Amino acid sequence: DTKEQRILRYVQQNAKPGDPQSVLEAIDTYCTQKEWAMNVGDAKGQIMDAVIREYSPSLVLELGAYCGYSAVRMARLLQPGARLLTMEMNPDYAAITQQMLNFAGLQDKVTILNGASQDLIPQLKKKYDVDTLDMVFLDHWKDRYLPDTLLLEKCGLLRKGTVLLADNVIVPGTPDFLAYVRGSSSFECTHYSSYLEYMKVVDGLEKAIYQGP
Ligand SMILES: CCNc1ncnc2c1ncn2[C@@H]1O[C@H](/C=C/CNC(=O)c2cc(-c3ccc(F)cc3)cc(O)c2O)[C@@H](O)[C@H]1O
Ligand SMILES: [Cl-]
Ligand SMILES: [Cl-]
Ligand SMILES: [Mg+2]
């Protein structure tokens, strides 16, 4: 029995079916009162909410679903017709994410893609009929933010005004990612200082808006 299974079970027993906000609240309560887990959390979540509301993206890609917290958080704020694609390499977590989305009633807005980002990203145009992405949320292995950003560019999946939003740029940190988006004339960057999920360690998100090549 895993921590991730316990979190799902807690949501299933306590949250309100088909109520995404109640699902987020139940996850936050579990992590506040029981076991910590690497969800973006409430504090950084408020920033994520503001970005989704501001830019109203039609197609979002999330890298790293884990238990589905960020998928629920983003999908609940998408406009009618808008869609989220979330990539997750670990099939146990992909199964948990699907059950979370099902409970939240968000399953028709979200598609879980099984596998590693480096293998799925190059298939998005052909296999999954994507032209370009409006937003990308990065929250997977921290040394893969830079390589995947470069792969997204190479594959032609970013357009002028595509918003990249990256978690954990301070803790654990994504220093190479930051040096790249901040140094590159291809991105205009904003830093959002906040706190690591479920504690008071300073962490932040970076918003990097693609400008074209
Ligand atoms: C191989 C790269 N491509 C990938 N493609 C698809 N899914 C991927 C990928 N990498 C990782 N994943 C999945 O993303 C998730 C992993 C995320 C990594 N997150 C962290 O390490 C993380 C870690 C912390 C943290 C912070 C402070 C600490 F003291 C200890 C840990 C905080 C966070 O908010 C984090 O996001 C898992 O579900 C994993 O299976
Ligand atoms: Cl929090
Ligand atoms: Cl736009
Ligand atoms: Mg994170």
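Counting from 1, the numbers follow the sequence of the chain as shown. Worth knowing before you read on, the calculation uses all heavy atoms, side chains too, and leaves out hydrogens, waters and symmetry mates. First listed ligand is number 1; within each ligand, the first listed atom is number 1.
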What's the shortest distance from atom 22 (C) of ligand 1 to any protein heavy atom, and which residue and atom give it? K142 CE, 3.6 Å
Do me a favour and list the nearest non-hydrogen protein atom to atom 35 (C) of ligand 1 with residue, atom name and distance? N168 OD1, 3.2 Å
Answer key: the N, O or S atom of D139 nearest to the Mg ion (ligand 4) is OD1
Kindly state whether the ring of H140 and the ring of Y145 have centres lying under 6.0 angstrom apart. yes
Please check whether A116 reaches ligand 1 - meaning an N/O of the residue sits under 3.5 Å from an N/O of the ligand, judged on distance alone. no
Compute the shortest N/O to N/O distance between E88 and ligand 1 and return yes if it is under 3.5 Å, no if not. yes
Could you list the atoms of ligand 1 found under 4.0 angstrom from a heavy atom of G115? 5 (N), 6 (C)
Within ligand 1, which atoms have a heavy atom of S117 less than 4.0 Å away? 2 (C), 3 (N), 4 (C), 5 (N), 6 (C)
Step by step, would you call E206 with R182 a salt bridge (charged side-chain N to carboxylate O under 4.0 Å, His left out)? CA-CA 10 Å; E206 195 80 1; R182 290 174 183 177; 3.0 Å; yes
Need the ligand 1 atom indices (1-based, order shown) with element for anything under 4.0 Å from a heavy-atom of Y66. 38 (O)
Under 4.0 Å from a heavy atom of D167: give me the atoms of ligand 1 that qualify, with their elements. 34 (O)
Which of the numbered atoms in ligand 1 are under 4.0 angstrom from any heavy atom belonging to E197? 32 (C), 33 (C), 34 (O)
Look only at interatomic distance and state if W36 has a nitrogen or oxygen under 3.5 Å from any nitrogen or oxygen of ligand 1. no
In the protein, which heavy atom is nearest to atom 18 (C) of ligand 1, and how far is it? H140 O, 3.2 Å
